[PDB]
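Structure first, then comments.
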Amino acid sequence: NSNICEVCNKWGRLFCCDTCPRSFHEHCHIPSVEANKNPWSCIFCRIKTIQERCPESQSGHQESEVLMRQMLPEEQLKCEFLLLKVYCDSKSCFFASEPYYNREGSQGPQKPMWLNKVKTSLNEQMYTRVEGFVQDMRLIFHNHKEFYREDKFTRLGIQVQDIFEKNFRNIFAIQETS
Ligand SMILES: [Zn+2]
Ligand SMILES: [Zn+2]
Ligand SMILES: [Zn+2]
C-alpha cells in the first residue's frame with residue numbers, strides 16, 4: 001500500500017484498500033472509511049467494478065440524460081467519486097469551507113455553496129437526481145467567478161471547474177465531441 005493519502009497526499013492515520021495499493025485518511029475518502037468490512041475496497045475499486053460488470057456503461061451518453069437520472073446506489077457512488085476527484089486537487093482548499101464576502105465593488109452571491117456542504121448533502125441523501133449534485137457543484141465556481149470579477153483570483157475557479165468537468169465527462173461516460 002501507499003504511505004500517503006491518495007486525496008491530500010499527507011501521511012497520518014491511513015486506511016489501506018484491500019484490492020488496490022491506495023490509502024486514505026478516514027474523512028478524505030468519500031464516503032468516510034467504513035468501521036469494519038475486511039476486506040475493504042476503496043471508491044476507485046468500486047467504480048472499476050461497475051465498469052467491469054457492465055462494459056457498455058462506457059459507451060457515450062448525453063449530459064441531459066445523465067442529469068435526469070435518479071440517485072440510485074450506482075449514481076450516488078459516481079457522484080461521490082466525482083466529488084472526491086475535486087478534493088484530490090490541492091486548489092480545492094479554496095472551495096472546501098464556508099466562504100464570506102466583503103470586497104469593495106462586489107456583492108456576495110445569493111446562494112453560497114462549498115464542497116463540504118455538497119459532501120454533507122450527499123451523505124444525508126438530499127439529492128434525488130444527478131442534476132441536484134451537478135448544479136450545486138457548478139454553482140461553487142459560478143459564484144466565485146462572479147464575485148472576484150477581474151481579479152486574477154477568478155482563475156482558481158476556472159481551474160477547479162475544469163477538473164470537475166473533465167472528471168464528470170469521464171465518470172459518467174459523456175459522449176466525446178468537437
Ligand atoms: Zn487525506
Ligand atoms: Zn482500492
Ligand atoms: Zn451490462
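By convention in this document, the chains of the C-alpha cells carry letters A, B, ... by their order, each chain's residues are numbered from 1, and ligands are numbered from 1 in the order they are shown.
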**Item:** DSSP-assigned strand (DSSP E or B) members of stretch 19-165 of chain A, reported as a PyMOL selection string
**Value:** chain A and resi 23-25+61+70+129
Take the residues from that selection and write them out as a tab-separated table (two decimals), in the first residue's frame, keeping N, CA and C atoms.
```tsv
chain	number	residue	atom	x	y	z
A	23	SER	N	-4.22	4.38	-0.24
A	23	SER	CA	-4.60	4.58	1.16
A	23	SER	C	-5.26	5.93	1.39
A	24	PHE	N	-6.01	6.04	2.47
A	24	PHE	CA	-6.86	7.18	2.78
A	24	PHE	C	-6.88	7.56	4.22
A	25	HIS	N	-6.92	8.86	4.46
A	25	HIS	CA	-7.42	9.29	5.72
A	25	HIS	C	-8.89	8.96	5.78
A	61	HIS	N	-22.81	8.95	-23.56
A	61	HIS	CA	-24.09	9.39	-23.12
A	61	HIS	C	-24.26	10.86	-23.35
A	70	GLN	N	-32.16	9.36	-11.58
A	70	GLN	CA	-32.33	9.27	-10.17
A	70	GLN	C	-31.07	8.81	-9.43
A	129	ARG	N	-31.73	13.49	-7.84
A	129	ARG	CA	-31.25	13.29	-9.17
A	129	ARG	C	-29.79	13.78	-9.32
```
So that each row is one residue of chain A with an atom at most 12 Å from ligand 3, can you give its shortest atom pair and the distance in Å to one decimal, using only C-alpha atoms and all ligand atoms, rows by chain and rising number, as JSON lines?
```
{"residue": "A:49", "atom": "CA", "partner": "ligand 3", "partner_atom_place_in_ligand_line": "1 (Zn)", "distance": 11.6}
{"residue": "A:50", "atom": "CA", "partner": "ligand 3", "partner_atom_place_in_ligand_line": "1 (Zn)", "distance": 9.1}
{"residue": "A:51", "atom": "CA", "partner": "ligand 3", "partner_atom_place_in_ligand_line": "1 (Zn)", "distance": 8.5}
{"residue": "A:52", "atom": "CA", "partner": "ligand 3", "partner_atom_place_in_ligand_line": "1 (Zn)", "distance": 8.6}
{"residue": "A:53", "atom": "CA", "partner": "ligand 3", "partner_atom_place_in_ligand_line": "1 (Zn)", "distance": 6.2}
{"residue": "A:54", "atom": "CA", "partner": "ligand 3", "partner_atom_place_in_ligand_line": "1 (Zn)", "distance": 3.4}
{"residue": "A:55", "atom": "CA", "partner": "ligand 3", "partner_atom_place_in_ligand_line": "1 (Zn)", "distance": 6.0}
{"residue": "A:56", "atom": "CA", "partner": "ligand 3", "partner_atom_place_in_ligand_line": "1 (Zn)", "distance": 5.8}
{"residue": "A:57", "atom": "CA", "partner": "ligand 3", "partner_atom_place_in_ligand_line": "1 (Zn)", "distance": 6.8}
{"residue": "A:58", "atom": "CA", "partner": "ligand 3", "partner_atom_place_in_ligand_line": "1 (Zn)", "distance": 9.9}
{"residue": "A:59", "atom": "CA", "partner": "ligand 3", "partner_atom_place_in_ligand_line": "1 (Zn)", "distance": 11.0}
```
For N, CA and C atoms, I'd like the residues from the last selection saved as a PDB file, in the first residue's frame.
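For reference, out-v5.pdb as written:
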```pdb
ATOM      1  N   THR A  49     -15.239  -1.787 -10.577  1.00  0.00           N
ATOM      2  CA  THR A  49     -16.132  -2.950 -10.635  1.00  0.00           C
ATOM      3  C   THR A  49     -17.412  -2.726 -11.453  1.00  0.00           C
ATOM      4  N   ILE A  50     -18.016  -1.541 -11.306  1.00  0.00           N
ATOM      5  CA  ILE A  50     -19.204  -1.148 -12.086  1.00  0.00           C
ATOM      6  C   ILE A  50     -18.926  -1.244 -13.556  1.00  0.00           C
ATOM      7  N   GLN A  51     -17.816  -0.666 -14.021  1.00  0.00           N
ATOM      8  CA  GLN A  51     -17.454  -0.737 -15.435  1.00  0.00           C
ATOM      9  C   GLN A  51     -17.205  -2.148 -15.939  1.00  0.00           C
ATOM     10  N   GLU A  52     -16.605  -2.970 -15.085  1.00  0.00           N
ATOM     11  CA  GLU A  52     -16.268  -4.355 -15.415  1.00  0.00           C
ATOM     12  C   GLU A  52     -17.517  -5.235 -15.513  1.00  0.00           C
ATOM     13  N   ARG A  53     -18.459  -5.017 -14.617  1.00  0.00           N
ATOM     14  CA  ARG A  53     -19.744  -5.716 -14.673  1.00  0.00           C
ATOM     15  C   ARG A  53     -20.567  -5.300 -15.851  1.00  0.00           C
ATOM     16  N   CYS A  54     -20.446  -4.050 -16.337  1.00  0.00           N
ATOM     17  CA  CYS A  54     -21.236  -3.567 -17.473  1.00  0.00           C
ATOM     18  C   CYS A  54     -20.409  -2.724 -18.398  1.00  0.00           C
ATOM     19  N   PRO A  55     -19.587  -3.404 -19.260  1.00  0.00           N
ATOM     20  CA  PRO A  55     -18.660  -2.665 -20.119  1.00  0.00           C
ATOM     21  C   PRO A  55     -19.332  -1.608 -21.012  1.00  0.00           C
ATOM     22  N   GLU A  56     -20.611  -1.844 -21.343  1.00  0.00           N
ATOM     23  CA  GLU A  56     -21.375  -0.949 -22.199  1.00  0.00           C
ATOM     24  C   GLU A  56     -21.723   0.378 -21.526  1.00  0.00           C
ATOM     25  N   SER A  57     -21.572   0.414 -20.176  1.00  0.00           N
ATOM     26  CA  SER A  57     -21.764   1.629 -19.366  1.00  0.00           C
ATOM     27  C   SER A  57     -20.724   2.699 -19.774  1.00  0.00           C
ATOM     28  N   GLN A  58     -19.642   2.328 -20.476  1.00  0.00           N
ATOM     29  CA  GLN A  58     -18.710   3.280 -21.003  1.00  0.00           C
ATOM     30  C   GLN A  58     -19.005   3.813 -22.387  1.00  0.00           C
ATOM     31  N   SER A  59     -20.045   3.331 -23.060  1.00  0.00           N
ATOM     32  CA  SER A  59     -20.434   3.971 -24.346  1.00  0.00           C
ATOM     33  C   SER A  59     -20.922   5.395 -24.044  1.00  0.00           C
TER      34      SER A  59
END
```
**Request:** May I ask you to write as a list in words all residues lying at most 7 Å from ligand 1, with only C-alpha atoms and all ligand atoms counted?
**Result:** residues 5, 6, 7, 8, 9, 10, 24, 25 and 28 of chain A
**Prompt:** Using only C-alpha atoms and all ligand atoms, what are the residues with an atom within 9 Å of ligand 2, set out as a VMD selection string?
**Reply:** chain A and resid 16 to 23 40 to 46
**Request:** Quick one: everything within 8 Å of stretch 166-176 of chain A, counting only C-alpha atoms, minus sequence neighbours fewer than 2 positions away in the same chain. Send it as a list in words.
**Result:** residues 57, 58, 59, 60, 61, 62, 63, 66, 78, 82, 85, 162, 163, 164 and 178 of chain A
How would the residues just chosen look if you wrote them out with N, CA, C and O atoms as a short mmCIF file (atom, residue, chain, number, x, y, z; two decimals), in the first residue's frame?
```cif
data_model
loop_
_atom_site.label_atom_id
_atom_site.label_comp_id
_atom_site.auth_asym_id
_atom_site.auth_seq_id
_atom_site.Cartn_x
_atom_site.Cartn_y
_atom_site.Cartn_z
N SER A 57 -21.57 0.41 -20.18
CA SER A 57 -21.76 1.63 -19.37
C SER A 57 -20.72 2.70 -19.77
O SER A 57 -20.95 3.86 -19.55
N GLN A 58 -19.64 2.33 -20.48
CA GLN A 58 -18.71 3.28 -21.00
C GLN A 58 -19.01 3.81 -22.39
O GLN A 58 -18.25 4.67 -22.83
N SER A 59 -20.04 3.33 -23.06
CA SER A 59 -20.43 3.97 -24.35
C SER A 59 -20.92 5.40 -24.04
O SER A 59 -21.40 5.69 -22.92
N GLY A 60 -20.84 6.27 -25.04
CA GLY A 60 -21.18 7.69 -24.81
C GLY A 60 -22.62 7.95 -24.45
O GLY A 60 -23.56 7.26 -24.98
N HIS A 61 -22.81 8.95 -23.56
CA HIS A 61 -24.09 9.39 -23.12
C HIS A 61 -24.26 10.86 -23.35
O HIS A 61 -23.30 11.61 -23.43
N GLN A 62 -25.53 11.30 -23.39
CA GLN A 62 -25.85 12.71 -23.49
C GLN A 62 -25.92 13.28 -22.04
O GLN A 62 -26.51 12.63 -21.19
N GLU A 63 -25.33 14.44 -21.82
CA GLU A 63 -25.37 15.07 -20.49
C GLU A 63 -26.78 15.25 -19.99
O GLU A 63 -27.08 15.00 -18.80
N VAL A 66 -27.95 12.00 -18.50
CA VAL A 66 -27.24 11.77 -17.19
C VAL A 66 -27.86 12.59 -16.08
O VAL A 66 -28.03 12.07 -15.00
N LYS A 78 -21.10 7.25 -8.09
CA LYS A 78 -20.41 8.05 -9.08
C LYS A 78 -20.28 9.52 -8.65
O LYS A 78 -19.20 10.17 -8.91
N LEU A 82 -16.80 11.57 -8.09
CA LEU A 82 -16.54 12.85 -8.77
C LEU A 82 -16.20 13.95 -7.74
O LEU A 82 -15.24 14.74 -7.96
N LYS A 85 -12.66 13.32 -6.59
CA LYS A 85 -11.74 13.78 -7.60
C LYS A 85 -11.46 15.29 -7.52
O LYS A 85 -10.31 15.73 -7.69
N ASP A 162 -12.52 23.14 -14.33
CA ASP A 162 -12.03 22.27 -15.38
C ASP A 162 -11.76 20.84 -14.89
O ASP A 162 -12.04 19.84 -15.61
N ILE A 163 -11.26 20.71 -13.65
CA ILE A 163 -11.06 19.42 -13.02
C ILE A 163 -12.37 18.74 -12.82
O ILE A 163 -12.57 17.56 -13.19
N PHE A 164 -13.33 19.49 -12.30
CA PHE A 164 -14.69 18.96 -12.16
C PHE A 164 -15.25 18.42 -13.51
O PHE A 164 -15.74 17.33 -13.54
N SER A 178 -16.34 17.40 -30.66
CA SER A 178 -15.56 18.62 -31.06
C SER A 178 -16.32 19.86 -30.63
O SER A 178 -15.95 20.48 -29.66
#
```
Could you tell me, as an mmCIF file with C-alpha atoms, in the first residue's frame, which residues of chain A DSSP assigns to helix (DSSP H, G or I) when given the backbone?
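File produced: result-v3.cif:
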```cif
data_model
loop_
_atom_site.group_PDB
_atom_site.id
_atom_site.type_symbol
_atom_site.label_atom_id
_atom_site.label_comp_id
_atom_site.auth_asym_id
_atom_site.auth_seq_id
_atom_site.Cartn_x
_atom_site.Cartn_y
_atom_site.Cartn_z
ATOM 1 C CA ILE A 43 -14.140 4.026 -4.109
ATOM 2 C CA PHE A 44 -11.711 3.682 -7.008
ATOM 3 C CA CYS A 45 -12.074 -0.131 -6.830
ATOM 4 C CA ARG A 46 -15.869 0.092 -6.513
ATOM 5 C CA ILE A 47 -16.118 2.329 -9.573
ATOM 6 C CA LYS A 48 -13.836 -0.011 -11.562
ATOM 7 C CA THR A 49 -16.132 -2.950 -10.635
ATOM 8 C CA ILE A 50 -19.204 -1.148 -12.086
ATOM 9 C CA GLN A 51 -17.454 -0.737 -15.435
ATOM 10 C CA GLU A 52 -16.268 -4.355 -15.415
ATOM 11 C CA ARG A 53 -19.744 -5.716 -14.673
ATOM 12 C CA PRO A 55 -18.660 -2.665 -20.119
ATOM 13 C CA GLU A 56 -21.375 -0.949 -22.199
ATOM 14 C CA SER A 57 -21.764 1.629 -19.366
ATOM 15 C CA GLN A 58 -18.710 3.280 -21.003
ATOM 16 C CA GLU A 63 -25.367 15.066 -20.493
ATOM 17 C CA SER A 64 -29.115 15.844 -20.460
ATOM 18 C CA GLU A 65 -29.951 12.148 -19.921
ATOM 19 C CA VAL A 66 -27.241 11.769 -17.194
ATOM 20 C CA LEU A 67 -28.557 14.779 -15.258
ATOM 21 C CA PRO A 73 -26.812 3.444 -5.464
ATOM 22 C CA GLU A 74 -24.623 3.455 -8.581
ATOM 23 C CA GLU A 75 -25.282 7.131 -9.377
ATOM 24 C CA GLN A 76 -24.780 8.057 -5.715
ATOM 25 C CA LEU A 77 -21.387 6.294 -5.877
ATOM 26 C CA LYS A 78 -20.414 8.051 -9.085
ATOM 27 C CA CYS A 79 -21.243 11.497 -7.590
ATOM 28 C CA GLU A 80 -19.189 10.615 -4.502
ATOM 29 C CA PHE A 81 -16.238 9.677 -6.675
ATOM 30 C CA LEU A 82 -16.541 12.846 -8.770
ATOM 31 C CA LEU A 83 -16.606 14.930 -5.507
ATOM 32 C CA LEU A 84 -13.526 13.022 -4.352
ATOM 33 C CA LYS A 85 -11.736 13.784 -7.600
ATOM 34 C CA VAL A 86 -12.205 17.524 -6.973
ATOM 35 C CA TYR A 87 -10.838 17.226 -3.395
ATOM 36 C CA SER A 90 -4.880 20.945 -3.913
ATOM 37 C CA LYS A 91 -6.723 24.037 -5.249
ATOM 38 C CA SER A 92 -9.901 22.602 -3.780
ATOM 39 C CA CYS A 93 -8.891 24.189 -0.407
ATOM 40 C CA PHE A 94 -10.267 27.464 -1.671
ATOM 41 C CA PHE A 95 -13.712 25.990 -2.142
ATOM 42 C CA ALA A 96 -13.940 23.469 0.775
ATOM 43 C CA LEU A 115 -17.520 21.469 -1.176
ATOM 44 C CA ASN A 116 -18.126 20.454 2.457
ATOM 45 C CA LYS A 117 -21.759 21.438 2.119
ATOM 46 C CA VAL A 118 -22.097 19.240 -1.038
ATOM 47 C CA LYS A 119 -20.325 16.476 0.877
ATOM 48 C CA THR A 120 -22.875 16.709 3.712
ATOM 49 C CA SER A 121 -25.737 16.850 1.268
ATOM 50 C CA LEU A 122 -24.557 13.611 -0.418
ATOM 51 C CA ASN A 123 -24.032 11.897 2.896
ATOM 52 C CA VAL A 130 -27.713 13.684 -10.554
ATOM 53 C CA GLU A 131 -28.803 17.192 -11.693
ATOM 54 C CA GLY A 132 -29.003 18.330 -7.967
ATOM 55 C CA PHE A 133 -25.433 17.439 -7.260
ATOM 56 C CA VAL A 134 -24.069 18.861 -10.566
ATOM 57 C CA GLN A 135 -25.987 22.130 -10.142
ATOM 58 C CA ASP A 136 -24.504 22.725 -6.664
ATOM 59 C CA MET A 137 -21.009 21.841 -7.913
ATOM 60 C CA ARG A 138 -21.218 24.245 -10.842
ATOM 61 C CA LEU A 139 -22.683 26.954 -8.539
ATOM 62 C CA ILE A 140 -19.471 26.875 -6.454
ATOM 63 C CA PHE A 141 -17.446 28.005 -9.407
ATOM 64 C CA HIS A 142 -20.022 30.376 -10.882
ATOM 65 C CA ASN A 143 -20.333 32.290 -7.537
ATOM 66 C CA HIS A 144 -16.529 32.575 -7.404
ATOM 67 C CA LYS A 145 -16.315 33.967 -10.985
ATOM 68 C CA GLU A 146 -18.996 36.477 -10.383
ATOM 69 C CA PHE A 147 -17.615 37.702 -7.034
ATOM 70 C CA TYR A 148 -13.979 38.092 -7.998
ATOM 71 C CA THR A 154 -11.012 34.320 -10.611
ATOM 72 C CA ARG A 155 -8.713 31.871 -12.376
ATOM 73 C CA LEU A 156 -8.792 29.490 -9.440
ATOM 74 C CA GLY A 157 -12.493 28.871 -10.152
ATOM 75 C CA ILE A 158 -11.774 28.251 -13.799
ATOM 76 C CA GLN A 159 -9.054 25.798 -12.901
ATOM 77 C CA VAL A 160 -11.002 23.775 -10.342
ATOM 78 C CA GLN A 161 -14.103 23.826 -12.600
ATOM 79 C CA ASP A 162 -12.034 22.271 -15.384
ATOM 80 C CA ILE A 163 -11.060 19.418 -13.016
ATOM 81 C CA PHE A 164 -14.687 18.955 -12.155
ATOM 82 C CA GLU A 165 -15.845 18.935 -15.797
ATOM 83 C CA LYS A 166 -13.159 16.557 -17.100
ATOM 84 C CA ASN A 167 -13.919 14.119 -14.342
ATOM 85 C CA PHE A 168 -17.721 14.441 -14.906
ATOM 86 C CA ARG A 169 -17.220 13.603 -18.604
ATOM 87 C CA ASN A 170 -15.013 10.564 -17.661
ATOM 88 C CA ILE A 171 -17.021 9.082 -14.799
#
```
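Note that the spacing between atom CA of residue A:109 and atom CA of residue A:71 amounts to 27.4 Å.
Between residue A:151 and the residues A:177, A:106, A:32, A:128, the shortest atom-to-atom distance, using only C-alpha atoms, involves A:106.
A straight line drawn from atom CA of residue A:126 to atom CA of residue A:99 is 21.3 Å long.
Atom CA of residue A:114 sits 13.2 Å away from atom CA of residue A:101.
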